[PDB]
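Cβ: placed from backbone, ideal geometry, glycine included. Neighbour counts: every protein chain shown. Derivation of every value follows stated rules applied to the coordinates shown; laboratory data play no part.
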Amino acid sequence: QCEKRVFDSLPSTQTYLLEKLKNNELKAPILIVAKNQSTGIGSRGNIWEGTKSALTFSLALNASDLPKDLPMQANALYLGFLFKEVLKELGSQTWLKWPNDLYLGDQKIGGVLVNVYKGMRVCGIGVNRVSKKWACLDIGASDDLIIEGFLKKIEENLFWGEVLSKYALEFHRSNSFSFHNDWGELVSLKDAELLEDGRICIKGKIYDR
Ligand SMILES: Nc1ncnc2c1ncn2[C@@H]1O[C@H](CO[P@@](=O)(OC(=O)CCCC[C@@H]2SC[C@@H]3N[C@@H](O)N[C@@H]32)OP(=O)(O)OP(=O)(O)O)[C@@H](O)[C@H]1O
């Protein structure tokens, strides 16, 4: 498998990895783990807060490492769904709320973030393990076990077509919830319908993230 670097603390594994690729100091595939993040990044430049114990890493892939039929807009959905299936095989009840959120019950415990740079895809995943502020993962699997499973699910190289069909079975759970559009405004998923490229339509309007 691919090299892993583990830091006790970084501002952000995503920022670290992106800047190393931009400077041509690393090459995909490579995996970057921070035991603690001090300036984690969510979606839309929101903060992803560090908990007492959290799983936070970023994984750089080459396009060739992903299905040929995977649209760029579906990156977070595809990698997020595989991560969730890794969690489910380890006994977790975690589910994927559209577009890229890891939920337990009806509370967010983690999220997926994909940045694209020169055809390389930088997948950043955070999941709370221990915290008094936020909900946490419902299993005890080591971080190494979760990440190894993740690398293997990616390695199975399933068509995007297959993965979305699995997710389409559970999209409906998202209908009770909402997401933030590009301008930060809450939008209900009640009437949202899934599209074959991972986007949704709500009464004739298409959304992505
Ligand atoms: N610890 C916490 N637990 C629960 N909730 C928390 C929280 N900290 C803040 N919150 C609240 O969660 C909202 C903001 O999260 P978010 O913008 O993005 C994401 O999930 C992407 C996460 C990817 C991080 C990984 S870590 C390893 C890489 N390096 C790093 O730098 N990036 C990646 O999603 P969102 O809330 O806007 O919801 P919708 O998708 O439904 O619109 C907001 O509420 C906030 O208070």
Length gain on complete extension for the stretch residue 39 to residue 145, per 0.36 nm per residue less the alpha carbon to alpha carbon distance? 35.6 nm
Entries of 108/205; 84/166; 118/152; 97/166 with Cα pairs more than 20 Å apart: 108/205; 118/152
Under a 5 Å amide H to amide H cut-off, with H placed in plane at 1.01 Å, what residues pair with residue 177 once short-range neighbours are removed? 189
Considering amide H positions built from the backbone, and no H for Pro or chain starts, which residues 5 or more places from residue 137, or on another chain, come under 5 Å of its amide H? 128, 129
Counting helices only, and only those DSSP H runs with n ≥ 4, report the 222 nm mean residue ellipticity of the chain as the sum of -39,500 (n - 2.57) divided by its residues, in deg cm²/dmol to the nearest 500. -7000 deg cm²/dmol
For residue 56, what is the net charge nearby, where nearby means another residue's Cβ is under 15 Å from its Cβ and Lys, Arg count +1, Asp, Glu -1? +2
